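Chemist: First, the structure itself, so that you have it in front of you.
Read-outs: derived from the displayed coordinates by stated rules, not from any lab. A quick note on method: Cβ atoms are made from the backbone with ideal geometry, for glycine too, and the neighbour counts reach across all protein chains shown.
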Amino acid sequence: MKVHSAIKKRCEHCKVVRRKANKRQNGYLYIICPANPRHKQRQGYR
Amino acid sequence: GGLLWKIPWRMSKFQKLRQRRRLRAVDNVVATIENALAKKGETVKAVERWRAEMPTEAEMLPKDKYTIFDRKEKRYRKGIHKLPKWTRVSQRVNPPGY
Amino acid sequence: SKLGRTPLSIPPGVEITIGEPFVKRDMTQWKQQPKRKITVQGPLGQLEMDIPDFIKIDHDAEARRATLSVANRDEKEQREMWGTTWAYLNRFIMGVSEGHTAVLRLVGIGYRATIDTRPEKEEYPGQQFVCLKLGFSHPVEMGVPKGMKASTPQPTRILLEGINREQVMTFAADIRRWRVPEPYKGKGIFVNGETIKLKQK
Amino acid sequence: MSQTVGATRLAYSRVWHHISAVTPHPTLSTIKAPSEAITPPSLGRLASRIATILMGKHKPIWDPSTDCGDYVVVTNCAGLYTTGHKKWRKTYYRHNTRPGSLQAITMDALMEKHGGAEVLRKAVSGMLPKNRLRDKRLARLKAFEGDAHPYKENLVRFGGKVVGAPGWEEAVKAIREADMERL
Amino acid sequence: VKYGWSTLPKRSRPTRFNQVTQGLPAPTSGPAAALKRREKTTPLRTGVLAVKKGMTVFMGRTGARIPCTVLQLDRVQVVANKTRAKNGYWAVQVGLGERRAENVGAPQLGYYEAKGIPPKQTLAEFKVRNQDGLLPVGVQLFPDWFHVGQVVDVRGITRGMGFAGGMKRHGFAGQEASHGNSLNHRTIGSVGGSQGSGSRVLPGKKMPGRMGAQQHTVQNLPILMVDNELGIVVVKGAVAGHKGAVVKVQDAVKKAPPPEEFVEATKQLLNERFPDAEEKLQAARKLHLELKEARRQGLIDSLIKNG
RNA sequence: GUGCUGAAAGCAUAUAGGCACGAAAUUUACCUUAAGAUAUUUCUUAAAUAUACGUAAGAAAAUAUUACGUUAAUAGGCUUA
RNA sequence: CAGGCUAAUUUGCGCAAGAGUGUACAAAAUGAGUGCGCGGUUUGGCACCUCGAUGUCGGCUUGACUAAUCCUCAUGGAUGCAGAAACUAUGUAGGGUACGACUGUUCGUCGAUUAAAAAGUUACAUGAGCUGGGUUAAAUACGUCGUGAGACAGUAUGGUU
RNA sequence: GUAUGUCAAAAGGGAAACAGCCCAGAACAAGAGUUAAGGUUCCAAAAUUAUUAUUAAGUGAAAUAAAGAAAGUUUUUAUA
Ligand SMILES: [K+]
Ligand SMILES: [K+]
Ligand SMILES: [Mg+2]
Ligand SMILES: [Mg+2]
Ligand SMILES: [Mg+2]
Ligand SMILES: [Mg+2]
Ligand SMILES: [Mg+2]
Ligand SMILES: [Mg+2]
Ligand SMILES: [Mg+2]
Ligand SMILES: [Mg+2]
Ligand SMILES: [Mg+2]
Ligand SMILES: [Mg+2]
Ligand SMILES: [Mg+2]
Ligand SMILES: [Mg+2]
Ligand SMILES: [Mg+2]
Ligand SMILES: [Mg+2]
Ligand SMILES: [Mg+2]
Ligand SMILES: [Mg+2]
Ligand SMILES: [Mg+2]
Ligand SMILES: [Mg+2]
Ligand SMILES: [Mg+2]
Ligand SMILES: [Mg+2]
Ligand SMILES: [Mg+2]
Ligand SMILES: [Mg+2]
Ligand SMILES: [Mg+2]
Ligand SMILES: [Mg+2]
Ligand SMILES: [Mg+2]
Ligand SMILES: [Mg+2]
Ligand SMILES: [Mg+2]
Ligand SMILES: [Mg+2]
Ligand SMILES: [Zn+2]
C-alpha cells in the first residue's frame, strides 16, 4: 500500500473505491487491483 | 502581522441587500436630476457622462456589485466591502475582462 | 435496475408468503419505515427477510412468477435496494429448493480435516465440530452453525451444506482465515475453486 | 399604571408544560411538506423553544431579573431527533484544569451512560443567560427517556383535558363561551 | 456539571421511570451495569474480619521455609445481609469482637437488639456475586471457612507515618551533599516551569504531606495453615498495618473461585454448627417490637423489673 | 490492515444496505482517595448524640482520627515466661 | 537576554511531477535540476519593547505536553517477500531510552552492557529550588595590535551568587 | 515618498474582545418615535419571513492554506 495525495490507475484492472466510510468517518479513496498488488494505493492519512 | 482586523472575504446576504438598495438609490437621484432638467430642455455634462459610462443596478452583474478589481489578488478580484467608505462611494465599473 | 426487472421463476414446491406492511415500535427512533415479512418455504427449509415498503412484488401464482418494482427509480436508495432485494430472493428460492454448497480444498503436506463431536463446547445438542490439523501447535476446532451440515468426503476436502448462502459462505471464510493461500507453493485453504498465481522459482 | 394594578398571583405561578421529543412538530420542523415528512423538533430547535419557556419569555410580564419561568416536562428523549451524523460524530469536551485530563465523549456514547436527557440538558443549558438564575431555570427542565414520569398530574389541564392531548382545544373553547355571559 | 457528564439535580429521583421493560436501551451506567461488569471478579462467598497478630515462618517438612503472617478470627459473626432489592448490591455484613454496652450507643444497641447478637467491635461489608452468597444472620465463621492453599486478598490500613517529605513519600532522589549545595539536600527542587506552563503549580503535583494510615490490598496470598482452636489463618507474605489491627480477608478476585464442592461444604457446616439460626433471629425480632413499643409508651421500667 | 453477502452499474466490488475479524493506544477490569443516594422490622419530646476533662493509642505540627474511664486491663508499677 | 512580527537560511519536513539507477522493468528500492506547500527548531532580518544577558547555554531536582518512533504491539508492498535477518510504508506516544571514560560545554568522541540505549516544545521549562560549568570585573604572566594611555570573539591561575 | 481619511485631540453603534477599520461627531432628559453601519432560532433588541437552486462534508455558519488527485454529486453543452 502507498499513501499518495494523487492516486491513479496503473492498469486496466485497477478500481477506484471509497472504503472505511461509516457513521463516524468519511473514509479514504482506494486503488484496489487483484492482478498486481503493487498498485494498491490510498488517499488520505488517519 | 499581529493586529487583527477581522474582515471576512465575502459579504453576508444582509449587506448585499443594502448594497443593492444603495446602487438603486443613486439611480433615483440621477433619474430625478436628469428628468427635472429635460423638462426645461437643459442638460449637465456630469449627468450625461454618468448615464453614458455607468450602468444601473438592473444592468449590473452580481460580481460587479459585490466585488472590485484588485491587481494583487489571485483572481484579480476583491470584496467591495474592502474599499474605504464603500457605503458612501460609487463603484460600478471594473477594467474589461477582469 | 436490470436485475430487478427479471421475473423470479418459482420452481415446484417453493411457496412464497408475502406479509403485510408492519412497523416494530422503536423507542430510539421517532419514525420507522414500514417493512414486509417475506417467507420462502420449501422442501429444505424456510428463509425470511424484511424488505422496504417501496418495493412492490407482483407475485403471479398462476404462472408461478414474481417480479419486483420500486415506487421511484430516481431515488438512489430505491435503485440500490431494488437490485439487492432481487439478488437475495434469487438465492432464497434457489437455496430452499436445491441448496447451497461450498467446497474447501486443503493444500499442504500435513493438512487434514475430520468431522467429530465435541460435547464440551456444544452450543446446541448434536453440534458438529470440524477438526483441522493445519500444522499448528494447538488444535483448531470450530462448531458448525445451527442449520449447516458439514462432511469430509476426503481428508483434504470439506463440504459445507446449507440453505442460507450468507451463512454457508461466511462459515467457509472462518475456516480459510487460519491458512490463507500463499503465492509460493499454493498451500492454504481454497474456497469454491479459488486459485492463486504462483511465482517463477 | 392601571394595567399593572390588580392580582398578579396567576401571572407568576409555575405552569407545568409537556412536549414529546418524538411527536412531529409542524412549527418546529424544517420539513413542512408532505404531511408524512413532518419531523419532530430537532435537538437545538427543541432546546431553543424550551429555553424560552424556562426564562418565562413567553409571558407578557417577563422580566430578566424576576424568576418567572415555568416547568417543562420532556418525554421520549431516547428518540431525540437529530440530523446528519451528529449522533456518532458530535463530541462533548470537558476539562478539570489539569493538563492531560481532557475528556471527550460522543453523543451516542453520552446517550448510553446518561441517556438522551443529558444531551438535551447540555443544549438547553447553553441557551440560557449565564447568571445566578441559570441553575434554577435549568432544573425546571424535567427530561425523561420513555413515556413515564412523576408529573402526569402536574401537567396543566383545561376542563380535564391535558394540553397536548387529543381534544384539549375543544375543552378550552367550551369554557370561554361560558365566561362571556356576564357584564 | 459537578461530577462527570451529568447535569441532573442531585435531589431528583428519575431512575424508576426509565425502565428497560418499556423498550429503552439498558443504560451503560447505574447499579445494574456496575454489577454486570464486575460479575467475574466479584467473590462468590463472604469474607472474614481478622486481627493481625504477628509475622513468622511456616517450616515445612523436607526443607521449606515460607514467611507468613498470622491473622486471628475473634468471634466473627454474620450481622446483616445486603440484598439487591433493598440496597442495590449483594453483600454480607460481618462483625468482630465485642464492645461494652455502655460504650455502644443507643442507636446501635437497638440495632443489635433486633438480631440477637451481642454488640460487636467493628463491622464491615463483603461484596458477594449473587444471592447464593448471603448467609444466615448470627452464624459464627471459623478459620475453616478457608482451606489450605486457597489464595485470598487481605485489606488493611497501612502504618501511619505522619507528615512525610519528598524522599520518603514519593521516592524523590534529593540533591547533592557537599559539592556546593546550599541548604537544599532533601528538598523537592523545582515545582513547575514558567509562564509557558500556566504560571501556576499544576494540579496533582507531588509535594510533601501526610503518608500512611490508608487502606492497602495485598492480592494472591495463599493460606498455609488453618487452626480452629487457636483461631488463626496463616497467610503467606506481609500484610498492611500494625499488630492488633483488624483486616479484611476474602477470596482473590483475580483467581478462580474455590471449587463448587468447597463453597457448598462450608455452607453445609453452618447448618450443622447452628441448626437454628432463624428461630433465634425471629425470636429476637419479636422481642424488639415489645421493647420498642414499651419505650414508645414509656413502660420500659416494668419489663426490666419483671423478673 | 483483512473478510462474507451484495446491488446502484446484468460484470466487478469487504464502496450503498446487511454481518465480521482485528493493537503495548482507548474503555472496562484491578487498586486508592473522594462522593454520601441508600440501608437498619436503628435511636431521640428535650433528648438521642457529640464535646470537654482524665488514662491513652493501630493516629499525630495544631486540628482531626480510634479506644478507655472502676460494672474498668487505657497507661504506669508489680509478678511470671 | 527573553517575548513580538517575518521565514532569506537551516542539522525541520510534506506533496506533485519523473531525467535517471534498478541485468529485464519508472514508482520493491532509488529520485538530478525544479514546482506547490506546512512548520517555527539553527544561522539571520526587523525593532513593538530597557532588564538577567557574549557558549545561551551545561549539570542537578522535579515535571507537564507534542508526535515527524530508538525499543516493545498490530499490519500492507517487496520479477528485487522461500525461511531467518533486513528494507519501505501504514496504525499507535502505554511504559521505557541506562552506565562510565575523555573532552571547558550540548557540540562531540570512544568503552562495555542493553529489548533499545530516538527527538523536540515548555522565558538554558525550572538559580525569591540548588549549582556556577557559566553570566562581567579589579590582580598577575604571556601573545598579538597601537607612538602612548589602552585594546583583544586571545591564553592561563585566582576571584562575597 | 505621494493621494485620501481616521486616530492623535472623538465619546456612541457594528467589527466576539479592539487608538487607526465600517457607520456617526456626545449640552441634559423623555419616546415600544425615525434611521446609519450591522443584524433579526437561544444567550441578545428584531423573521425560525417569503421565492428558486446547490451542499451531506457540520463543509460552512464574521481571519478562504496551495498545486494536485478521484465511477462524490448537480447542471449545461455535445453524444450512443
Ligand atoms: K550543608
Ligand atoms: K482496507
Ligand atoms: Mg496579535
Ligand atoms: Mg451574556
Ligand atoms: Mg503510630
Ligand atoms: Mg544522595
Ligand atoms: Mg492563565
Ligand atoms: Mg498564577
Ligand atoms: Mg454481485
Ligand atoms: Mg466479492
Ligand atoms: Mg426507627
Ligand atoms: Mg445528653
Ligand atoms: Mg499530638
Ligand atoms: Mg498494666
Ligand atoms: Mg533502463
Ligand atoms: Mg514505523
Ligand atoms: Mg506482503
Ligand atoms: Mg520473513
Ligand atoms: Mg493503558
Ligand atoms: Mg539545562
Ligand atoms: Mg524562578
Ligand atoms: Mg589589568
Ligand atoms: Mg605585554
Ligand atoms: Mg585561593
Ligand atoms: Mg501627543
Ligand atoms: Mg471611537
Ligand atoms: Mg455577533
Ligand atoms: Mg418599535
Ligand atoms: Mg429576542
Ligand atoms: Mg465548523
Ligand atoms: Zn492494476
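Chemist: Round to the nearest 0.05 the FRET efficiency obtained for D:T52 and D:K161 when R0 = 22 Å and r is the Cβ-Cβ distance. Please list the in-between numbers first.
Modeler: Numbers: r = 24 Å, r/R0 = 1.09.
For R0 = 22 Å, the calculated efficiency reads 0.35.
Chemist: I need the trypsin sites (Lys or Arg not before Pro) found in region C:67-103, filtered to DSSP loop residues with at most 15 other beta carbons within 10 Å of theirs. Numbers along the way, then the final one.
Modeler: Values: sites: C:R73, C:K76, C:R79, C:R91; in loops: C:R73.
Answer by residue number: C:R73.
Chemist: Follow-up. Can you compute 3J(HN,Hα) from phi for each residue in region C:47-53, using the Karplus curve 6.51 cos²θ - 1.76 cosθ + 1.60 with θ = phi - 60°, rounded to whole Hz and x for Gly and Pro?
Modeler: 10, 9, 8, 10, 9, x, 6
Chemist: How many Cβ atoms of partner chains, on average, are near each residue of E:13-26 if near means within 10 Å of its Cβ?
Modeler: Working: counts 1, 9, 0, 2, 10, 10, 3, 1, 1, 6, 8, 12, 8, 1.
Taking the mean over all residues of the peptide, I get 5.
Chemist: Suppose we keep just the DSSP beta bridges with both residues in the protein assembly as shown; what percent of those would be antiparallel, to 5? Intermediate values should be presented prior to the final figure.
Modeler: Numbers: 105 of 116 bridges.
If we restrict to bridges inside the protein assembly as shown, about 90 percent are antiparallel.
Chemist: Something else: What is region C:108-201's relative contact order, in percent, from Cα pairs under 8 angstrom and six or more apart in sequence?
Modeler: Values: 137 pairs, mean separation 17.6, N = 94.
The value is 19 percent.
Chemist: Please go through region C:34-108 and write out the GluC sites (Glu not before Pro) that DSSP classes as loop and that have at most 12 other C-beta atoms within 10 Å. Before the final figure, lay out the partial values.
Modeler: On the way: sites: C:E48, C:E62, C:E75, C:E77, C:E80, C:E98; in loops: C:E62, C:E75, C:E98.
The qualifying sites are C:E62.
Chemist: Under 5 Å between amide H atoms, partner at least 5 residues away or on a different chain: which partners does C:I51 have, H built in plane at 1.01 Å?
Modeler: C:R36, C:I38
Chemist: Let me ask something else about it. Distance between Cα centroids, region E:244-307 to region E:93-164: provide it in whole Å.
Modeler: 11
Chemist: Give a residue-ordered list of calculated ³J(HN,Hα) values for region B:50-58 (Karplus: 6.51 cos²θ - 1.76 cosθ + 1.60, θ = phi - 60°; whole Hz; x for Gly, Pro).
Modeler: Once θ is set to phi - 60°, the couplings for region B:50-58 become 4, 4, 7, 10, 10, x, 7, 5, 7 Hz.
Chemist: Residue by residue, what Karplus-based ³J(HN,Hα) values in Hz, rounded to whole numbers, does region D:54-66 have, using 6.51, -1.76 and 1.60 with θ = phi - 60° and x for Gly and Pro?
Modeler: Calculated HN-Hα couplings, in order: 4, 8, x, 6, 8, 9, x, 10, 4, 8, x, 7, 6 Hz.
Chemist: To continue, here is another question. Which one, B:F14, B:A52, B:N35, projects farthest toward the positive side of the charge dipole computed for region B:1-79 from Cβ point charges (K/R +1, D/E -1)?
Modeler: B:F14
Chemist: Considering chain E as a Gaussian network with a 10 Å cut-off on Cα pairs, which listed residue, E:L96, E:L71, E:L270, attains the greatest mean-square fluctuation?
Modeler: E:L270
Chemist: With unit charges on the beta carbons (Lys and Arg positive, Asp and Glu negative) and the dipole taken about the Cα centre of chain C, which residue among C:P153, C:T84, C:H100 sits farthest to the positive side?
Modeler: C:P153
Chemist: Hey, fewest Cβ within 10 Å first, where do E:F146, B:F14, C:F190 land in order?
Modeler: Numbers: E:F146 25, B:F14 8, C:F190 18.
Least to most surrounded, the residues fall as B:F14, C:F190, E:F146.
Chemist: If you take the Cα atoms of the protein assembly as shown, find Rg, then find the Kirkwood Rh from the mean of 1/r over all pairs, what is Rg/Rh?
Modeler: 1.06
Chemist: Still on this structure, please answer the following. Say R0 is 60 Å: what FRET efficiency, to the nearest 0.05, do E:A32 and B:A31 get from their beta-carbon distance?
Modeler: Here the calculated transfer efficiency is 0.15.
Chemist: Fewest first, what order do C:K146, C:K201 take by the number of other Cβ atoms within 10 Å? Intermediate values should be presented prior to the final figure.
Modeler: Values: C:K146 11, C:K201 4.
Fewest-to-most Cβ neighbours within 10 Å comes out as C:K201, C:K146.
Chemist: Find, among the GluC sites (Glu not before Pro) in region E:1-102, those assigned to loop by DSSP (not H, G, I, E, B) with at most 12 other beta-carbon atoms within 10 angstrom. Before the final figure, lay out each step's value.
Modeler: Details: sites: E:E39, E:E98, E:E102; in loops: E:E39, E:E98, E:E102.
Counting only loop positions with at most 12 other Cβ atoms within 10 Å, the GluC sites (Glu not before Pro) in region E:1-102 are E:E39, E:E102.
Chemist: Another question about this same structure. Net charge near C:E122: determine it from the other residues with C-beta under 13 Å of the C-beta of C:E122, scoring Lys and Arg +1 and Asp and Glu -1.
Modeler: Values: positive: C:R118, C:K121, C:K146; negative: C:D116, C:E120, C:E123, C:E141.
Local net charge: -1.
Chemist: I would also like to ask the following. Using helices alone, I'd like the mean residue ellipticity at 222 nm for the protein assembly as shown: each DSSP H run of four-plus residues gives -39500 (n - 2.57), total over residue count, nearest 500. Mind dumping the intermediate values first?
Modeler: Numbers: 18 runs with 186 residues, N = 835.
Helix-only estimate at 222 nm: -6500 deg cm²/dmol.
Chemist: Nearest 10 degrees, 0 to 90: what angle lies between the long axis of helix D:115-126 and the longest principal axis of chain D (Cα atoms)?
Modeler: It is inclined by approximately 80 degrees.
Chemist: Please give, to one decimal in nm, the separation of the simple spin-label points placed at B:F14 and E:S302, each 7 Å out from Cα toward the Cβ.
Modeler: Once both label points are built, they end up 8.5 nm from each other.
Chemist: Need one value for C:26-35: mean number of C-beta atoms belonging to other chains within 10 Å of its residues' C-beta atoms. If you can, show how the numbers build up before the last one.
Modeler: Working: counts 3, 13, 9, 4, 12, 9, 0, 0, 0, 0.
For peptide C:26-35, the averaged partner shielding equals 5.
Chemist: Residues with beta-carbon under 11 Å from that of D:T27, excluding D:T27: net charge, scoring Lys, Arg +1 and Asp, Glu -1? Mind showing how you got there, number by number?
Modeler: Numbers: positive: D:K32, D:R45, D:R49; negative: none.
Summing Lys and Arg as +1 and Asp and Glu as -1 gives +3.
Chemist: Additional query: Tell me the relative contact order for region D:1-68 as a rounded percent, counting alpha carbon contacts under 8 Å between residues six or more apart.
Modeler: Working: 49 pairs, mean separation 16.7, N = 68.
Value for region D:1-68: 24 percent.
Chemist: Post the alpha-carbon centroid distance, region E:201-228 to region C:136-201, in whole angstrom.
Modeler: 54
Chemist: Follow-up question, since we're still on this one. How do E:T21, D:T30 rank when sorted from fewest to most other Cβ atoms within 10 Å of their own Cβ?
Modeler: Values: E:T21 6, D:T30 10.
Lowest count first: E:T21, D:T30.
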